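[1] Got an experimental structure here, sequence first:
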Amino acid sequence: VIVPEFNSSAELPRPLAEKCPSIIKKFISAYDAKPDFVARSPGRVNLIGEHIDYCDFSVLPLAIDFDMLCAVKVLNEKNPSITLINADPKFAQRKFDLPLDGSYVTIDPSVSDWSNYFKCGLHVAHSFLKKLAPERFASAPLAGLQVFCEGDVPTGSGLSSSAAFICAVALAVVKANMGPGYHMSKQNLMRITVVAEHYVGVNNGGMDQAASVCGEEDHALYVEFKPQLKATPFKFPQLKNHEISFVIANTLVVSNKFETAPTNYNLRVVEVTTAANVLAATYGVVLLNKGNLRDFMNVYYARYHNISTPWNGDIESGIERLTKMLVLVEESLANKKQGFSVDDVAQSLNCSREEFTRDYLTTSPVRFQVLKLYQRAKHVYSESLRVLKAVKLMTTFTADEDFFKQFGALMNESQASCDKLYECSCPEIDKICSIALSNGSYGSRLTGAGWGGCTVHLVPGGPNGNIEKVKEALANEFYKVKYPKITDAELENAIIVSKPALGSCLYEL
Ligand SMILES: Nc1ncnc2c1ncn2[C@@H]1O[C@H](COP(=O)(O)OP(=O)(O)NP(=O)(O)O)[C@@H](O)[C@H]1O
Ligand SMILES: OC[C@H]1O[C@H](O)[C@H](O)[C@@H](O)[C@H]1O
Ligand SMILES: [Cl-]
Ligand SMILES: [Mg+2]
């Protein structure tokens, strides 16, 4: 399958139908000419499977009706450049020249600037282009461009406005250079965007990109990273008397992953990697760039269970192995519930503090006193396990309530883990979850990285449903309390009932 291109002639996807026209006007106002096409990429929600992506564990995301639109115009210039315009005053106009030799544009994390994120998508698109038409792009520049950007994904909301942006850009950039007769495959799109953020210093998994790219209206996705990168859409189960609905409630606590990366995001990545390596050593194995927790799982099994072949995702076998993994964590990491010092670790790995450091603490700077290897691994394994179960549910119920509860429970377990083991929750999240559970929710948890941002709630929808009940309670018990100045409008914007949206796409003009 390819990324869908739409035209004027083309019923048009709601979102396109609804937003293009306007963006189109903005572009004219901005550049005094009509754009050539419009690239879109949505935001996303992760139903379950938090902070396991970077360990190669599979997740349960969904694309939402919030997106990023890029109106583009392709230019013929002697000395090609890129002009960036944003609908949001917050984002100032940027303009830069593309190296004539066909080299890459410098990305400097030293600065927190929106153009950086653009450059990120540019880069990946570029790299890809070089491979595709080396002839054309080897030592020559890409087309200059005029870009107008308008996103409705709330920033630092944990709904990944970041990925919606990057993906839209990568898409647009490939199209602009390949031309109209060229059609991107969702797979390539995905595959190239999944690491874009690393350029900006954030070592995340590709969950965000995978969802933005693979979303399908009315479909949830089961994203896998190994043995192969893959997204598989599915429809929720059909209940008899009810609707499966997911409600998002923004805490309104701004959480930008980059800003706190060293003590937050990136610190987690380190603890888990570290843990993976300690376990190895503790079990006398060699992991392989260091190995991850999934790596340890395969190796152990390979070395001690004689299983030659690496885990394929088979659900049943997975449940089994993870459970086991949980046992080993308990058996070997639990003595340091308090945390491992660099000393404890280095000793654990037969290292010098310097080795540990070169090898682990320098690729990305992190700040800490201790490393919580026990809890982080524990979370990872258990959260992974939770996914496998969720998938089974979503796939294989007498009473509707049987699903509500079962799935809800998993969600609740995930929240607890996130909060107690991974420590990425927050009072506001905590408060939202409590209110929701008591008022109609079956499962409540943060979504995305945590440390603020949004929450997801499994609530029975439709006529026989409780959406309004929850909404109301939240309004009265949380928002109106924590944010007295909040307006019905803002409120409305803080609570959303989500429907799976379509992923990346194109509009031609
Ligand atoms: N609408 C937008 N327009 C321009 N740049 C954007 C936009 N949305 C995101 N960006 C850039 O991408 C960065 C990351 O998105 P942001 O939402 O702020 O934080 P995040 O924690 O990385 N992701 P998330 O919380 O999941 O949305 C921002 O700080 C901007 O530099
Ligand atoms: O699950 C937490 C989530 O955090 C951010 O949203 C990252 O971009 C994702 O790759 C993922 O790790
Ligand atoms: Cl580049
Ligand atoms: Mg975030």
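    Great, that's in hand. Numbering: from 1, shown residues only. Ligands and ions are numbered 1, 2, ... in the order given.

[2] if I've got this straight, residue 223 is in a strand?
    Yes: under DSSP: H, G, I helix; E, B strand; the rest coil, residue 223 sits within a strand.

[3] Need the three-state assignment for residue 249.
    strand.

[4] in the sheet, who's paired with it?
    residue 455, residue 495 (DSSP bridges).

[5] OK, contacts around residue 473?
    435, 436, 438, 439, 440 (C-beta atoms under 8 Å, 6 or more residues apart in numbering). To be clear about C-beta, it is placed using only N, CA and C from the backbone, and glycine gets the same treatment.

[6] Which single one of those is nearest to ligand 1?
    residue 436 (20.5 Å; C-beta to the nearest ligand atom).

[7] From the contact counts, what lies against the host helix or strand of residue 493?
    Using DSSP states H and E, residue 493 sits in helix 488-494. Secondary-structure packing of helix 488-494 (3 or more C-beta pairs under 8 Å, 6 or more residues apart in numbering; DSSP states H and E): strand 243-250.

[8] I'd like the distance between the residue in the stretch 401-509 of the chain positioned nearest to ligand 4 and residue 300.
    When scored by C-beta to the ion, the stretch 401-509 of the chain has residue 449 as its residue closest to ligand 4, at 4.1 Å. For residue 449, the distance to residue 300 equals 29 Å [C-beta to C-beta, to the nearest Å].

[9] quick one: which of the two has more around it?
    Between residue 449 and residue 300, counted using other C-beta atoms under 10 Å, residue 449 has the larger neighbour count: 26 against 20.

[10] Quick check: beta-bridge partners of the residue in the stretch 101-250 of the chain positioned nearest to ligand 1?
    Using C-beta to the nearest ligand atom, residue 151 is the residue of the stretch 101-250 of the chain that sits closest to ligand 1, at 3.0 Å. Going by DSSP bridges, residue 151 is paired in beta bridges with residue 68.

[11] close enough to count as contact, it and residue 164?
    Yes: at 6.4 Å, residue 151 counts as touching residue 164 under the criterion of C-beta atoms under 8 Å.

[12] before we move on, could you check phi and psi at the residue of the stretch 401-509 of the chain closest to ligand 4?
    phi -60, psi -30 (degrees, to the nearest 10).

[13] That one against residue 265, yeah?
    Yes: counting by C-beta under 8 Å, residue 449 touches residue 265, with 6.2 Å between them.

[14] what residues do these two have in common as contacts?
    With C-beta under 8 Å, 6+ apart, residue 449 and residue 265 have common neighbours residue 257.

[15] Starting from ligand 2, give me the distance back to residue 251.
    15 Å (C-beta to the nearest ligand atom, to the nearest Å).

[16] From the geometric centre of the chain, which residue sits farthest away?
    residue 78 (38.3 Å; C-alpha atoms, centre = their mean).

[17] Give me the distance between it and ligand 3.
    19 Å (C-beta to the ion, to the nearest Å).

[18] ditto for residue 196
    Taking C-beta to the ion, one finds residue 196 at 11 Å from ligand 3.

[19] mind starting the numbering at 45 from now?
    Sounds good: first residue 45 from here, last item residue 240.

[20] Show me how the chain divides into domains.
    45-282+543-553, 283-303+469-542, 304-468 (curated CATH domains).

[21] So what's the gap between the longest one and the chain middle?
    Relative to the chain's own centre, domain 45-282+543-553 is displaced by 13 Å; criterion: C-alpha atoms, centre = their mean, to the nearest Å.

[22] what's around residue 150, how many residues?
    Residue 150: 9 neighbours (other C-beta under 10 Å).

[23] Would it be right to say that it lies in a helix?
    No: counting by three-state DSSP, residue 150 is not part of a helix but coil.

[24] ok, now which ones touch the residue nearest the centre of the chain?
    Centroid-nearest residue in the chain, with C-alpha atoms, centre = their mean: residue 252, separated by 2.5 Å. By C-beta under 8 Å, 6+ apart, residue 252 lies in contact with 88, 204, 206, 207.

[25] For the stretch 45-194 of the chain, which residues are neighbours of ligand 2?
    Neighbours of ligand 2 within the stretch 45-194 of the chain, by C-beta under 6 Å from any ligand atom: 94, 95, 97, 98.

[26] secondary structure class for the nearest residue to the first one once chain neighbours are set aside?
    Right, the one you point to is residue 94. Nearest non-adjacent residue to residue 94, counting by C-beta to C-beta, 6 or more residues apart in numbering: residue 462, 5.8 Å away. Following three-state DSSP, the label given to residue 462 is helix.

[27] my guess is residue 462 contacts residue 491, does it?
    No: using C-beta under 8 Å, residue 462 is not in contact with residue 491, being 10.0 Å away.

[28] between these two, which one's more packed in?
    Higher neighbour count among residue 462 and residue 491: residue 491, with 27 against 21, using other C-beta under 10 Å.

[29] burial count for residue 286?
    Counted with other C-beta under 10 Å, residue 286 comes out at 19.

[30] which residues sit in contact with it?
    444, 448, 504, 505, 506, 508, 509.

[31] mind running it again at 6 Å?
    Shown in contact with residue 286 (C-beta atoms under 6 Å, 6 or more residues apart in numbering): 444, 504, 508.

[32] If we only consider the residues you listed, which is nearest to residue 67?
    residue 504 (36.1 Å; C-beta to C-beta).

[33] How is residue 140 assigned, secondary-structure-wise?
    Under three-state DSSP, residue 140 comes out as strand.

[34] sorry, back to before: gap between the residue of the stretch 145-294 of the chain closest to ligand 1 and residue 212?
    Taken as C-beta to C-beta, the span from residue 195 to residue 212 is 8 Å.

[35] Tell me how many other residues crowd whichever residue of the stretch 195-344 of the chain sits closest to ligand 3.
    Closest to ligand 3 within the stretch 195-344 of the chain is residue 217: 8.9 Å, counting by C-beta to the ion. Neighbour count of residue 217, defined by other C-beta under 10 Å: 27.

[36] For it, which residues are in contact?
    166, 169.
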